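Alright, here's a single protein chain in two forms, structure 1 and structure 2, each given by itself as C-alpha cells.
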Structure 1
C-alpha cells in the first residue's frame, strides 16, 4: 500500500502499474482537488468483486464457510468422476 501524489504518478505510470501487479500493492494518488483515487491490479479488483459476489447472500456465505470447514476437517466425499 503506497501513498504518492499526482505529479509523481503522472510521470512513471508504467513503473507503478508493474509495482502493484508483482508486489500485490496499492497506490493512493492524492490531488489538491480533494478527489483522491486508488490504483490496484485488475486481478486484485476482480478477486474482491468475486468474493463480494459469493458473500452477498448470507445463505451462500454460510454454505461456503461450512464447506471449506468440512474440507479442512475431512468430513468429505471423494469419488472417481467420469469427466
Structure 2
C-alpha cells in the first residue's frame, strides 16, 4: 500500500493509475480533512467485490466454508453430466 497525499496524487494521477495496474498495488491518498481514499485497478476491484459478495452473507460464508471443508475431507458426491 503506497501512501501519498492529495496534491501528489492530483499532480501525478496518470502515473498512479499506471502503477496500480502494472504492479497490481494499491494507493491510499490522504486528505487533511480526513477524507482519504484507496485507489486500485479495476481488475483488483472486480476480484475483491466477488469474494466480498460470497462472504458478506454469514450463512453463505458458512455454507462455503463447510462445503470446501467437505471437499477437502473427501465427503463428496460424484455426478456424471452430459455437457
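Shifts are known only where both forms have a C-alpha. The term rigid core refers to the maximal set of C-alpha atoms that superpose within 1.5 Å between the two forms. Residue numbers count along the first chain shown, from 1.
- Summary of the rigid-body analysis between structures 1 and 2: the C-alpha atoms of residue 9 and residue 45 are best fitted by the same part's superposition.
- Superposing C-alpha atoms between structures 1 and 2 reveals a rigid-body rotation of the smaller part against the larger of 21 degrees.
- For residue 74, the Cα deviation between structures 1 and 2 after core superposition amounts to 10.4 Å.
- Aligning the rigid core leaves the CA of residue 56 displaced by 4.6 Å between structures 1 and 2.
- Its Cα shifted by 0.7 Å between structures 1 and 2, residue 34 is reported here after superposition on the rigid core.
- After superposition on the rigid core, a single segment of 3 or more consecutive residues displaced by 2 Å or more at every C-alpha between structures 1 and 2 is found, at 52-83.
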